[PDB]
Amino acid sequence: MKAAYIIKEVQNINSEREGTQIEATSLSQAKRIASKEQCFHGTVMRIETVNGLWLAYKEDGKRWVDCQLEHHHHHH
């Protein structure tokens, strides 16, 4: 089944902008779509859920960085 993702192209890793709605059948496929859709040299592509959770992002010339998906809990 397709899932909804949001792809953002941002100037800086810790920047926020409106993204674009995509559908993809896996996170792997969403990453392929996001890299293909990059419009500007030197920006960061980020994949989020519709609820705004960071899933992964990629700077130019670097590999995808996968982000932590679970809510925090106390370890002590």
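Just count from 1 along the sequence shown to find any residue number.
Peer 1: Look over 64-72 and 48-56 in the entry and identify the one with the greater average Cα temperature factor.
Peer 2: Looking at the record's C-alpha B-factors, the answer is 64-72.
Peer 1: If you rank the chain by CA B-factor, which third does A34 end up in: lowest, middle or highest?
Peer 2: Lowest third - that is where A34 ends up once the chain's C-alpha B-factors are sorted.
Peer 1: Relative to the other modelled residues in the chain, which third contains the C-alpha temperature factor of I7: lowest, middle or highest?
Peer 2: Within its chain, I7 is a lowest-third residue by C-alpha B-factor, going by the deposited values.
Peer 1: Sorting by Cα B-factor within the chain, modelled residues only, which third would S15 end up in: lowest, middle or highest?
Peer 2: It falls in the top third of the chain.
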